[PDB]
Structure formats: structure tokens, C-alpha cells
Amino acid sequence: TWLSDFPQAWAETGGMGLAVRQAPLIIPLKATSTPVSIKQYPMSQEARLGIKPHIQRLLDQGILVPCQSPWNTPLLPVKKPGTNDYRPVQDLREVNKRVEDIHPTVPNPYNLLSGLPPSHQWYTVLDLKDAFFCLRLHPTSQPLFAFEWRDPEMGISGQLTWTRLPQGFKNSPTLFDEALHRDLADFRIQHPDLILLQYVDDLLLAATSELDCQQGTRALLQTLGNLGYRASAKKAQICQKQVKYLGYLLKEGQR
């Protein structure tokens, strides 16, 4: 009943996250960058109706807010199964090109897994839901990610932008990984015997026994919830001898 013991740590019961200890992120531009405003290609009504619910939800959550900005990038309608199930995908390539590069600090899965001792075979895998959205963007950097939004007949003035780290931004994975490392530094210190692997929003906790794993998981969930992050209860793999992590199947200490 981990779902009930840690209501705040799960996406299904704690609501949208917000990393309260992390200062709003400022995104430095390259020395010669000037705003670029790309025209929004006309979107069919089908695509707009498919996207609308997502946009409204983000607006209600305060993740998207109205704005007037010199920057503008196109929104794209992306589906998968049939001509249904849409979801907003912003093409931030022209923005990415104008943002100063940062060093890629996220380890590749292969090297990350090398830090898992055979002594720790009790695993717990958690994936953080809407991880990037948990990190606030400083108001000065918000205008950079603006896009146009029109309702199938009459909607908001013109542009909308993100108040949190957006999908499609080249530095989101690295900035998120670095932010969570800062937030989980104390947890690591308070649990010397535990092994914690972080790959952006995918976490692997390893303990020597089933007890230390349940104790560790309880503490990690409590810490994450308190910090403002949210894990997927649905996909969560708690205290298992075998788990799926980063495309690998961890079993008998293999891999």
C-alpha cells in the first residue's frame, strides 16, 4: 500500500510537481543571438481539437501562460495509432541553435550501470512523471519558448509560453539531471549503504536486503515528494529481485 503511505510522492495522488528547492532557471543565449520568430503553419481543425485539451490543462496548471514575445517557434500535431490521440510537439530547433551550449553531464546508461555492485540485488525502479515541468524557468527566460495558439473559433490573444523547463529544449535533460542530483545529495549522504543511480528521470535504488530496500524506498519516496517531484505509481517497480531499467533487465546481478 505504498500508494497510501506516500500520497505526496506519487503522480497519481500528489498532483503536478514543482521542485521547490530549485531556483527558477535562467537560460543563457549565445553571444550573438537575436530573437527569431517562425510563422506557425496553419493547423487543421482536427489537429487543433486534438491538441486543445492538453493546452487547457497546462494553462490551468500554470505551466503555460499567455505572453507577447519576439520569439516564436511552431507547434506540431503528432499522433501515433490512428488519426486520433494528438499531443503538442514544439519545434525548438531554431531556439536551440541560439542558446549557449552546456557540458553534457548525463552518463550513458552503460557507464551508469557499472556502478551497481553484485552485493546489492534488491532493486526499486521509479520514473519521475513530467520531470522537466517540475523545474521552474526564470521569467526572463520564459519568452524564449513562446508559440502561437488559436482556438477553433476564438481563443487567447496570440502567444503562450512555458513557465517550466520545456520538452524539445536541447538542455532540458542535462539541467534536470543536474538539478535532481543537487536535491538528492543529502539523501545519498543519509543512506551510505544504498546505491542510487540517476538517469534524468529514471531512478534505480539498490540495497543489500529486502528490508533495506523497503526502508530505502520509503525514505526516497518521502524525500522526492517533499522536494516536489512525482513518481509513477503505475510503472513503479518496488523492492524486486528483477527489474527493467533503461532498457535492461536487471536479474541475478547481471548487467
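Basically, rigid core = biggest C-alpha set you can superpose within 1.5 Å across the two forms. Numbering starts at 1 and follows the sequence shown.
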Please pick 70-78 or 178-186, whichever has its Cα atoms farther from the shown form in 9 other deposited structures of this protein after a rigid core fit.
70-78
After a rigid core fit, does 94-102 or 108-116 show more C-alpha displacement in 9 other deposited structures of this protein?
108-116
Other entries omitting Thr140, at least a third
no
Across other compared entries, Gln121 missing in at least a third:
no
Hey, which bit's got the bigger mean C-alpha B factor in the entry, 63-71 or 189-197?
189-197
Look over 173-181 and 79-87 in the entry and identify the one with the greater average Cα temperature factor.
79-87
Whose C-alpha has the highest temperature factor in the PDB entry: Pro166, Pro107, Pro139, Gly115?
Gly115
Per the PDB entry, maximal CA B factor within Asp127, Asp101, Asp151, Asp130:
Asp151
Among all modelled residues of this chain, ranked by Cα B factor, put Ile238 in the bottom, middle or top third, i.e. lowest, middle or highest.
highest
Sort the modelled residues of this chain by their C-alpha B factor and say whether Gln40 lands in the lowest, middle or highest third.
middle
Taking only the Cα B-factors deposited for this chain, tell me whether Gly247 sits in the lowest, middle or highest third.
highest
Taking the values exactly as deposited, rank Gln121 by C-alpha B-factor within its chain and report the matching third: lowest, middle or highest.
highest
Modelled-residue ranking by C-alpha temperature factor, third containing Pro53
middle
